[PDB]
Amino acid sequence: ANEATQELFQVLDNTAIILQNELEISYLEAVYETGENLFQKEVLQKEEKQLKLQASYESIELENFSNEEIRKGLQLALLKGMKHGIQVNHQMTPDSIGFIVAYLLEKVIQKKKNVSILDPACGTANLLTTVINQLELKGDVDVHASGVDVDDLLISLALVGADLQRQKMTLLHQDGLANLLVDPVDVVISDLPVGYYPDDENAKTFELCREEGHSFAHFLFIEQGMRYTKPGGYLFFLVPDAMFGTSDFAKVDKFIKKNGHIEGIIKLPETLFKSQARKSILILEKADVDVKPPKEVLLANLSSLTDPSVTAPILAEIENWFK
Ligand SMILES: C[S@@+](CC[C@H](N)C(=O)[O-])C[C@H]1O[C@@H](n2cnc3c(N)ncnc32)[C@H](O)[C@@H]1O
Ligand SMILES: [Cl-]
């Protein structure tokens with residue numbers, strides 16, 4: 001599409017701008033509200049224009065749009081809704097990055113016909129649904145995906161996006177660092193929250209707990225993720241590249257080595273971020289009886305997404321890395 005995704009976004013935008021004004025809610029909260037209307041084929045908040053909304057919703061038939069066209073349409077609305085006032089930790093992962101994650105999963109899953117995935121801090125699930133739609137694109141791989149988020153609005157947006165994209169996935173509204181009723185997955189992916197974890201009692205259940213004060217949410221997510229990965233499975237975390245140079249990272253490094261290994265660290269282009277400090281993709285493998293670390297960790301500086309002088313030698317290496 002784009003043709004189709006713009007059509008959908010125009011319906012979402014116009015109707016959310018109405019609901020934003022009538023209900024006096026944020027554009028982002030209006031995107032959720034308009035999306036349930038569209039999905040369920042009702043104007044859900046009638047006792048609170050109604051003709052105008054209905055006409056806009058009936059102007060499209062969603063069955064005629066692909067999952068990716070529906071996702072890309074929501075992505076435009078989410079992006080609009082997160083332009084100001086949203087903290088970095090609540091920012092959705094754009095597919096400029098998600099496609100890169102989907103590509104990397106493609107290398108590790110190889111000729112598996114079933115892949116299970118967990119994002120334990122999933123937000124809007126844009127990353128997760130970008131990954132799902134890419135892997136299933138060929139018609140051979142069945143993805144079984146689970147996402148967890150603690151936030152009401154973001155998990156609601158994950159849930160309606162799943163509904164609108166016609167996904168069969170599991171989305172949990174809870175603390176992703178508490179116990180998860182999720183079976184161990186082939187792959188963990190997450191764009192990690194960075195800062196303090198406020199639940200100091202739950203933190204105690206983790207080896208990466210800090211003795212004094214709040215623990216780091218970003219460290220505990222690495223440990224939780226490894227906890228819910230199958231032996232020999234992989235983990236892909238988006239993290240600030242500055243994490244690696246802190247003295248505290250030595251502790252996470254030591255932890256990882258007791259449980260697996262680092263496969264690679266791929267720095268992402270600056271222009272993918274607002275002015276967000278530059279993130280990197282941390283690639284981990286969980287230990288097993290027939291898994292060894294690479295001879296050398298892949299360290300790649302993907303300073304451009306578009307210039308092949310930069311991308312070609314990096315992608316050529318990644319093409320063979322996991323074989
Ligand atoms: C950068 S956002 C993730 C963006 C997401 N990948 C997307 O596509 O929309 C990080 C997420 O971590 C979540 N989070 C923070 N603490 C959490 C916790 N204890 N359990 C589950 N989610 C948590 C936030 O609500 C936030 O959505
Ligand atoms: Cl479909």
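Order of listing sets the numbers, starting from 1, for every ligand and every atom in it. Counting begins at 1 with the first residue of the sequence.
Contacts between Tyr196 and ligand 1, counted as non-hydrogen atom pairs separated by less than 4.0 Å, are absent for every part of the residue. Contacts of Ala158 with ligand 1, taken as heavy-atom pairs under 4.0 Å, are absent altogether.
Judged by the 6.0 Å and 45° rule, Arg227 forms a cation-pi pair with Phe206.
With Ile155, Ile97, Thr124 as candidates, the residue nearest to atom 9 (O) of ligand 1 on a non-hydrogen basis is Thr124. Counting only non-hydrogen atoms, the option in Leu127, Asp151, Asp149, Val101 that gets closest to atom 24 (C) of ligand 1 is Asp149.
Annotation: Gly176 places an N or O atom under 3.5 Å from an N or O atom of ligand 1; distance criterion only. Any N or O atom pair closer than 3.5 Å counts here, and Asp175 shares at least one such pair with ligand 1. Ligand 1 has no N or O atom lying under 3.5 Å from any N or O atom of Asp191, backbone or side chain.
The protein non-hydrogen atom at the shortest distance from atom 6 (N) of ligand 1 is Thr93 OG1, 2.9 Å. The protein atom (non-hydrogen) at minimum distance from atom 26 (C) of ligand 1 is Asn89 O, 3.1 Å. Protein heavy atom nearest atom 5 (C) of ligand 1, with residue, atom name and distance: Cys122 O, 3.1 Å. The protein atom (non-hydrogen) at minimum distance from atom 22 (N) of ligand 1 is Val150 N, 3.4 Å. At the top of the distance list for atom 1 (C) of ligand 1, counting protein heavy atoms only, stands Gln91 O, 3.1 Å.
Listed for the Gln75 side chain is a donor-acceptor partner under 3.5 Å among the backbone atoms of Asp95. A side-chain donor-acceptor contact under 3.5 Å links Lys286 to the backbone of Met226.
Between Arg71 and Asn126, the side chains place a donor N or O and an acceptor N or O closer than 3.5 Å (distance only, hydrogens not considered). Side chain to side chain, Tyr197 and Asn202 meet the donor-acceptor criterion of an N or O pair below 3.5 Å. Between the side chains of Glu69 and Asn2, no donor-acceptor pair of N or O atoms lies under 3.5 Å. No hydrogens or angles considered: nothing links the side chains of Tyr234 and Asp186 as a donor-acceptor pair under 3.5 Å.
Contact check on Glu36 versus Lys41 returns no salt bridge, with no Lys/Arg side-chain nitrogen under 4.0 Å from an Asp/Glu carboxylate oxygen. The pair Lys257-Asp253 meets the salt-bridge criterion, since a charged nitrogen lies less than 4.0 angstrom from a carboxylate oxygen.
Environment of NZ in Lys113: crowded, with over 12 heavy atoms of neighbouring residues, nucleotides or ligands closer than 6.0 Å.
For the ligand labelled ligand 1, residue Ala217 lies outside the 4.0 Å heavy-atom shell. Look at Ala178 and you'll find every heavy atom at least 4.0 Å from all atoms of ligand 1.
Close approach of ligand 1 to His90 is summarised as follows: ligand atoms under 4.0 Å from at least one heavy atom of the residue are 24 (C), 25 (O), 26 (C).
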